[PDB]
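Participant: I need the structure of the sequence given here:
(2 chains, ligands or ions: 2)
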Number of protein chains: 2
Amino acid sequence: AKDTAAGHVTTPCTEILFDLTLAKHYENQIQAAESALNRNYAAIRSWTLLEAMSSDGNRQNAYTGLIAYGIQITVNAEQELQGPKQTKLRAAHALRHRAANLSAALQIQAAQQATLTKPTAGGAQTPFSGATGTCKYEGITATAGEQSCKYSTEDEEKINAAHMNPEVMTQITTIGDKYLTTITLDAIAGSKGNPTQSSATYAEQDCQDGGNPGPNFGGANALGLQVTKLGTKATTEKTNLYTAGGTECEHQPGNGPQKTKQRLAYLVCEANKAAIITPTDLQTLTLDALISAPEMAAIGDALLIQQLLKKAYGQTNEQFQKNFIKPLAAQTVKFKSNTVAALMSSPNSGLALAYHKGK
Amino acid sequence: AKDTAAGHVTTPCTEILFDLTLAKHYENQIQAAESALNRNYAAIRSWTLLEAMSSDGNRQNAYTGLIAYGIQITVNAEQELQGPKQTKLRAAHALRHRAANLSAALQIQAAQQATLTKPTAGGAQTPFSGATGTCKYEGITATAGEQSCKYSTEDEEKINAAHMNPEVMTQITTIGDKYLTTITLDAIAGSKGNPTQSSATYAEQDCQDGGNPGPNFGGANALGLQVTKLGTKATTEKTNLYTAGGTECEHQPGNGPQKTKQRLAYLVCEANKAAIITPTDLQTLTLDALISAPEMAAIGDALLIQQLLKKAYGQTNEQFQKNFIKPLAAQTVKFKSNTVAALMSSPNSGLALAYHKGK
Ligand SMILES: *[C@@H]1O[C@H](CO)[C@@H](O[C@@H]2O[C@H](CO)[C@@H](O[C@@H]3O[C@H](CO[C@H]4O[C@H](CO)[C@@H](O)[C@H](O)[C@@H]4O)[C@@H](O)[C@H](O[C@H]4O[C@H](CO)[C@@H](O)[C@H](O)[C@@H]4O[C@H]4O[C@H](CO)[C@@H](O)[C@H](O)[C@@H]4O)[C@@H]3O)[C@H](O)[C@H]2NC(C)=O)[C@H](O)[C@H]1NC(C)=O
Ligand SMILES: *[C@@H]1O[C@H](CO)[C@@H](O[C@@H]2O[C@H](CO)[C@@H](O[C@@H]3O[C@H](CO[C@H]4O[C@H](CO)[C@@H](O)[C@H](O)[C@@H]4O)[C@@H](O)[C@H](O[C@H]4O[C@H](CO)[C@@H](O)[C@H](O)[C@@H]4O[C@H]4O[C@H](CO)[C@@H](O)[C@H](O)[C@@H]4O)[C@@H]3O)[C@H](O)[C@H]2NC(C)=O)[C@H](O)[C@H]1NC(C)=O
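Facilitator: Residues are numbered from 1 along each chain as shown, chains lettered A, B, ... in the order given. Ligands and ions are numbered 1, 2, ... in the order given. Have a look at this structure:
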């Protein structure tokens, strides 16, 4: 189904959640690819130690073949990751920036009740040069308590990385810009009698004199105003990621001024298109994956073709695991103690290699 | 001198610049350390190829010693980087979040001129149950054009990574929270005559009747209000990074509610304390740096002590550079073509190794 996550964005808080969840999805895709590279480099260090520890030329050549394979695919994958990584990080950064902006706006747009100050009475004065009474208030303020976004179980289910694979995303939903830019308020003035500069009894936060000044314009003459509410209403808007044909990103930059929603849509589209390719996980390699790997044809030809690969690595995956995979975790190495893979990722890694290459 | 950069923060825009400049400084420290690691791993791949290409056992052992050294120091440095990296990224993320917040607030606090709507006249009505005239305005708004921060040459000189080494930073300066939270406005009411529900001539964005209604309360009876300005004034505040003794971070979390400035100060202090250690640059290694390296004592003992190291690597740095450093950039490798270091960081890296290990 398309757009489950964006179609649940109906409020400032749900846009925030979408933006941060999608940013974290892109960041997690990069972290997962880098973790995979680091696992592969760890495997290569482990096989380098095992090569140094074997005395059989054919077993040594087999380890060399796994080192060579590993270096080739992992160096390549690390190079190929960089473009998608930068694309995805540009979008993650922008999404986090937007979510920050919107959260800050939310706090201000929650300031919906005003505190009046004590006014000063006058007669005619700017901007009412024709008035006989004025009541002037300076520094009326509105502030809210600390706001927070509260999410339901379903909000977190629907606005979730599980719904943010590229094949399902066609649009983003954003709050209209006026929520970010505009202060909105209602206000009312009230008059009784003949208010003038002498209406200087201010106990009710208005200007009164005559009679018995008091609550609800008790006095003979009164003038006042109240700001009865503030706050701009949020609206939502939809922006397509792709052009009509569905391939190309809409909202490419450089074609004229753009709105926030259009810049975000472009970045999201490009980050969705920039798919990451992860290489094989060397630490869990199977025999069939090794001998079917395209890079192993030339590597095998150089060191030893699929017939030759089985002779070196095993006729069964059981044999392959036994000889080339299980030793990473289970084989202890002691000299003057740790298992192969942990040792070759530890502070003694290089020394372990020097020691066994020397012995 | 202390606090050149924070002492130039006097405005919202200069706080933004400080926050983003310091975030980028931390991000650049991490990028520089990772670049250094990647250069070292590239050198290790290069020496692995040269080991495979030599036929002299003693030259082979020498390359093995550089591989072992490189692995040890680079794996260690990569492990040791992770804690400081995470600390520095927590601060960079928070600084960028703050700068976003403040930029969003700046846009709203620039909305300083109101647009009045056409009012509706009444008599007594809430919140003026004692009035004889009211003039009620709904949806008064204030919006600014797109704001931007403009920096002088000196702003960029003083609020600069060159002034953000830890030894010079004792405090941060931040805008007061009210700029982020509070709407401020001035407003004035004006009255003439006996305004009532019949004061329903609205051409001047006030309530008039009687006589000849017009500009400046031309009519006999008038009531109106104007919002004459909006905007909350920025203030600045200083927060110390360290406790009085100067070692420990002030504002540790977990001791009670904190303000934004205190959370930021804590994160900045921890990111400043979490110094990164970069290992030696293997691609520009000198002979004296190699034989003075502590790790080379055991590695040399294992493969070959400083006397033995000079026998393997050269009695002069000229000889060392000739035999072990210059070949990385200058030695061409061809088989069925590239220089050593570029080849071992290219898509043919592993195959180049397999080819020469087989030949
Ligand atoms: C989070 O919220 C913040 C706060 O509101 C918001 O920040 C604002 O971002 C906008 C968009 O980036 C910033 O506006 C940019 O401002 C610069 C600088 O303008 C000043 O300085 C230049 C001199 O360098 C003067 O020319 C100018 O008069 C100002 O004094 C502009 O250079 C940017 O221009 C481009 O975009 C404009 C529309 O936004 C166009 O009108 C303009 O022509 C430019 O577009 C063209 O060039 C683009 C680049 O080549 C191109 O891609 C376009 O297609 C087109 O060809 C722009 O005006 C604004 O200053 C920020 N405000 C503050 C207070 O920081 C964040 O955007 C928001 N973030 C998210 C992700 O939601
Ligand atoms: C950019 O601008 C944004 C927008 O203003 C701003 O976001 C706001 O950040 C604050 C600070 O993080 C957020 O406040 C936090 O809100 C949570 C959630 O509160 C709700 O939900 C909980 C249930 O989980 C309810 O209990 C609660 O009643 C609310 O309904 C709170 O859990 C956080 O509490 C800690 O900090 C408070 C003070 O801020 C304390 O009063 C509270 O006791 C907690 O502190 C204690 O626990 C801490 C953690 O263990 C500990 O370190 C302390 O020392 C202490 O022991 C907090 O209230 C707020 O919701 C965000 N607003 C929105 C709209 O997103 C960003 O902070 C700002 N960023 C930057 C970097 O400038």
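Participant: Name the SS class of residue A:189, please.
Facilitator: With DSSP: H, G, I helix; E, B strand; the rest coil as the basis, residue A:189 sits in strand.
Participant: Over to residue A:279?
Facilitator: coil.
Participant: The closest residue to ligand 2 within the stretch 101-250 of chain A - how many residues pack around it?
Facilitator: Nearest to ligand 2 in the stretch 101-250 of chain A, going by Cβ to the nearest ligand atom, is residue A:148, at a distance of 3.4 Å. (C-beta placed from N, C-alpha, C; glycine too.) Residue A:148 is flanked by 9 other residues according to other Cβ atoms under 10 Å in any protein chain shown.
Participant: Ok, residue A:324 next?
Facilitator: Using other Cβ under 10 Å, residue A:324 is surrounded by 23 other residues.
Participant: Now for it: which residues touch it?
Facilitator: Residues near residue A:324 by Cβ atoms under 8 Å, 6 or more residues apart in numbering or on different chains: A:47, A:62, A:63, A:66, A:285, A:313, A:314.
Participant: hmm, 7 Å instead?
Facilitator: By Cβ atoms under 7 Å, 6 or more residues apart in numbering or on different chains, the contact set of residue A:324 is A:66, A:313.
Participant: distance of it from ligand 2?
Facilitator: In this view, residue A:324 and ligand 2 are 48 Å apart by Cβ to the nearest ligand atom, to the nearest Å.
Participant: Regarding that residue, what are the backbone dihedral angles?
Facilitator: phi -130, psi -20 (degrees, to the nearest 10).
Participant: and what of residue A:209?
Facilitator: The phi/psi pair for residue A:209 (degrees, to the nearest 10) reads phi -160, psi 170.
Participant: element containing the nearest residue to it once chain neighbours are set aside?
Facilitator: Computed as Cβ to Cβ, 6 or more residues apart in numbering or on different chains, the closest residue to residue A:209 that is not its neighbour in sequence is residue A:199, at 4.4 Å. Using DSSP states H and E, residue A:199 maps to neither a helix nor a strand.
Participant: what residues are up against residue A:199?
Facilitator: A:121, A:133, A:207, A:208, A:209, A:221, A:222, A:223.
Participant: Using the three-state scheme, assign the residue of the stretch 101-250 of chain A closest to ligand 2.
Facilitator: Recorded secondary structure, residue A:148: coil (three-state DSSP).
Participant: now the helices: where do they sit in the stretch 201-350 of chain A?
Facilitator: A:260-273, A:287-292, A:295-303, A:306-313, A:317-320, A:326-330, A:340-343, A:349-358 (DSSP state H, counting those that start in this stretch).
Participant: List the buried residues for the longest one?
Facilitator: Applying a neighbour-count criterion of 16 or more other Cβ atoms under 10 Å in any protein chain shown, one finds A:260, A:261, A:262, A:264, A:265, A:266, A:267, A:268, A:269, A:270, A:271, A:272 buried in helix A:260-273.
Participant: interface residues of chain A facing ligand 2?
Facilitator: Residues of chain A that fall close to ligand 2, judged by Cβ under 6 Å from any ligand atom: A:100, A:103, A:104, A:106, A:107, A:146, A:147, A:148, A:149.
Participant: I'd assumed residue A:19 was in contact with the second one.
Facilitator: Think residue A:103. No. Between residue A:103 and residue A:19 there is no contact, the gap being 9.8 Å when judged by Cβ atoms under 7 Å.
Participant: Do you have the strands of the stretch 151-300 of chain A handy? List them.
Facilitator: Taking DSSP state E, counting those that start in this stretch as the test, the strands found in the stretch 151-300 of chain A are A:171-175, A:182-192, A:207-209, A:221-230, A:236-240.
Participant: In JSON lines, list the ones you listed along with distance to ligand 1 and mean neighbour count.
Facilitator: Output for those, formatted as JSON lines (distance: least, Cβ to the nearest ligand atom, whole Å; neighbours: other Cβ atoms under 10 Å in any protein chain shown):
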{"stretch": "strand A:171-175", "distance to ligand 1": "9", "mean neighbour count": "23"}
{"stretch": "strand A:182-192", "distance to ligand 1": "12", "mean neighbour count": "26"}
{"stretch": "strand A:207-209", "distance to ligand 1": "39", "mean neighbour count": "27"}
{"stretch": "strand A:221-230", "distance to ligand 1": "20", "mean neighbour count": "25"}
{"stretch": "strand A:236-240", "distance to ligand 1": "13", "mean neighbour count": "16"}
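Participant: Please produce JSON lines containing those strands, extended by distance to residue A:160.
Facilitator: Shown next, in JSON lines, are the strands of the stretch 151-300 of chain A (distance: least, Cβ to Cβ, whole Å):
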{"stretch": "strand A:171-175", "distance to residue A:160": "15"}
{"stretch": "strand A:182-192", "distance to residue A:160": "32"}
{"stretch": "strand A:207-209", "distance to residue A:160": "57"}
{"stretch": "strand A:221-230", "distance to residue A:160": "34"}
{"stretch": "strand A:236-240", "distance to residue A:160": "19"}
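Participant: now, which of the buried residues of helix A:260-273 sits nearest ligand 1?
Facilitator: Among those, residue A:260 lies closest to ligand 1 (Cβ to the nearest ligand atom), at 4.6 Å.
Participant: ok, now which ones touch that closest one?
Facilitator: Neighbouring residues of residue A:260 by Cβ under 7 Å, 6+ apart: A:98, A:177.
Participant: one more time with 10 Å, if that's ok
Facilitator: Residue A:260 sits next to A:94, A:97, A:98, A:101, A:174, A:175, A:177, A:180, A:239 when contact means Cβ atoms under 10 Å, 6 or more residues apart in numbering or on different chains.
Participant: same deal with residue A:184?
Facilitator: Residue A:184 is in contact with A:109, A:112, A:178, A:229-233, B:138-143, counting by Cβ under 10 Å, 6+ apart.
Participant: Now the buried members of those residues.
Facilitator: Buried by 16+ other Cβ under 10 Å: A:109, A:112, A:178, A:230, A:231, A:232, B:140, B:141, B:142, B:143, out of these.
Participant: State the phi and psi torsions of the second one.
Facilitator: In this case it means residue A:112. Dihedral angles of residue A:112 (phi, psi; degrees, to the nearest 10) stand at phi -110, psi 0.
Participant: and it, how far is that from chain B?
Facilitator: 9 Å (Cβ to the nearest Cβ, to the nearest Å).
Participant: so that residue touches residue A:233, yeah?
Facilitator: No. Between residue A:112 and residue A:233 there is no contact under Cβ atoms under 10 Å: 11.1 Å.
Participant: ok, how many other residues are close to residue A:289?
Facilitator: 15.
Participant: go on, residue A:320?
Facilitator: Residue A:320 has 23 neighbouring residues, counting by other Cβ under 10 Å.
Participant: what does residue A:3 give?
Facilitator: Using other Cβ under 10 Å, residue A:3 is surrounded by 17 other residues.
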